[PDB]
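Take a look at this single chain in C-alpha cells; it is the form deposited in one PDB entry.
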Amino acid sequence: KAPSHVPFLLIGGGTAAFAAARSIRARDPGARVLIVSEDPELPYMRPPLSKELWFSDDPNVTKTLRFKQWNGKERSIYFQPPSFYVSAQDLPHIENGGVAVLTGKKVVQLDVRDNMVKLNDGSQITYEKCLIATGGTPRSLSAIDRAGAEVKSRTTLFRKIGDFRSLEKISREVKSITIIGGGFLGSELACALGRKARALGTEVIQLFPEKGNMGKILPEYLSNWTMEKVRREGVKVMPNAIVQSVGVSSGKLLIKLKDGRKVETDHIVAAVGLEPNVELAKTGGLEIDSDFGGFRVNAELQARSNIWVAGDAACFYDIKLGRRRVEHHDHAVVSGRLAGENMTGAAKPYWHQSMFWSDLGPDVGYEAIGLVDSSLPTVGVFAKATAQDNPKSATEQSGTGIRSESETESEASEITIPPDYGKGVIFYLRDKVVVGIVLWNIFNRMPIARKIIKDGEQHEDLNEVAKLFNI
C-alpha cells in the first residue's frame, strides 16, 4: 500500500503532524503529504480523553467519540472527517495531491544520508522533506516494572483512545481504581472517575509523593485547595505517598507505601510523565538531549537540512528559558504549523511562548505559561470568582473547549495598569522579573500573561500587575 516515494513525509500521526499537514497544503495547494502512524486511528486531539468524554450519559459516545463540550455542543475527537484524506496508493499522482495516512505502520529505520525510512513490514519510503512528530511514550513506575506480568497487565498508562475505552470499561466493571500521580492528568482522571464512581457507588483513590495535587508546580495554598476539590468529588486522595512495591494478594492489587500504609485495589492507572519517542535517533544518528529529553533542533526546528521535529518529541530552544521540551497541545499545534511553513521555505524561527491548560470539569480550570515550578519564589494574588470565571462559561463564550484556540496565540499590544477565593494569578519570579505565570479560573487573559513575561521588566508591585487580570 505504501508508495515508494513522497515529497513530504510526516512520521507520527498526532496533533503536530496534523498541524504540519494543514500548513503545507495551505502554502502549497497541490502538495503530496503522507502521514505514517503506528496507531490504528486517524489523527485526533488528546485533551477530551481525560475530560468531556467522561462527562456523558450516552453509551454511544465510546463508539463515536463525538463528545459534548461544556456548552452542550458536539465535536469530533478527530481533526477532520475520514473522507477528507486520500489513499496512500492514490497519493503519488492524484490530481491536486492531498494528505494520506498509513495507519498501523511503524517507522523503524531512518537513513538520513539516503533520505529513506523503513517500516516494520519491510516497506521502504524515500522523502524530500521529513517531519519527525513521534510524541512520547508514557513513563511507568519502577515498582510496577519490577513486579512482573500480572501487575503490569492490570496497570493502564493513559494516553490513547484505546486507554480511554479500556479504562471506561474497567470503571463500570470493578469496585476500586487507584491513580498514581498528582499532576494535571492524574488529577483530571481522578475527577472524571470520581464522578462515574458516585453514580455506581464504587471507589477511586489517587496517591502521590507530594504534599498536594500538582505539588511540583503549584504553591502550597493552591495545591492544597485543589486536593480539597478532588476530595469533594468523592476521591480518596493520599499525599506524601512513596510507593515501595506492588504485588497481587489473593486476586487484588496490593500497593505498599514507605510510611507503612497498604492500599488494596482492583486496577491501577499511572500518570507520571512521558518519555519522548527518540528510537529513530539511533539509526538516524541524530542528537538527543540527555538532560531534558527529545531530539535537539535549531531555531527553525531543524534536526538536519531536510528533517524537522515538532511537538512532544522536540527539544527546542526557548527564547527565554534555553533548551526545553514541553507537553502542551498549543506547542504541538504551533510548532507543527511552523515546521510545515519551514518545509515550504518560510525559514522562520520558533519564538512562540507555548501555553498549557487543564480543566478538572466544567467548574475549575487552570492555564500556565513559562517557567512554572513550585521551588521558585512566587507571589499569588487571589479574589472571589464571578459567575463567568469557570471553564463552562469560557466555553459558552468562545464556542470551544480547546483553550489554546479561545485564548489566541498572540501576545497583547499593551498592558496599561488600570487606575472564599475562587480565582487568581500566580507569578513565578527571578530577581523581581516574572519568568512564569499560572492562572486559576481566569480566561481570555493569556495574551496579557505572554506580554508580561516577554517584556521581562522588574515589577515593584505585583498587586498592581494583578489588576490586568481583573483581580
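Sequential numbering from 1, following the sequence displayed.
One more form of this protein should be noted, the form solved in complex with a partner chain, which is absent from this view; the next part is about it.
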Q | Contacting member of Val174, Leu376, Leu200, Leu321, with respect to the partner chain in the deposited complex [4.5 Å, heavy atom] | A | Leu376
Q | Listed residue that, although the partner chain is not shown, lies within 4.5 Å of it in the deposited complex (heavy atoms), from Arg232, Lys169, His93, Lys384 | A | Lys384
Q) Within 4.5 Å of the partner chain in the deposited complex, do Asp145, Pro209 and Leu274 each have at least one heavy atom? A) no
Q: Using a 4.5 Å heavy atom cut-off, indicate which stretch of 117-125, 218-226, 73-81, 101-109 touches the partner chain in the deposited complex.
A: 218-226
Q. Taking the shortest heavy atom distance, is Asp58 within 4.5 Å of the partner chain in the deposited complex?
A. no
(Q) With a cut-off of 4.5 Å between heavy atoms, is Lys467 one of the residues that contacts the partner chain in the deposited complex? (A) yes
Q: Please check if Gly380 has a heavy atom lying within 4.5 Å of any heavy atom of the partner chain in the deposited complex.
A: yes
Q: Decide whether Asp420 counts as a contact residue for the partner chain in the deposited complex under a heavy atom distance cut-off of 4.5 Å.
A: yes
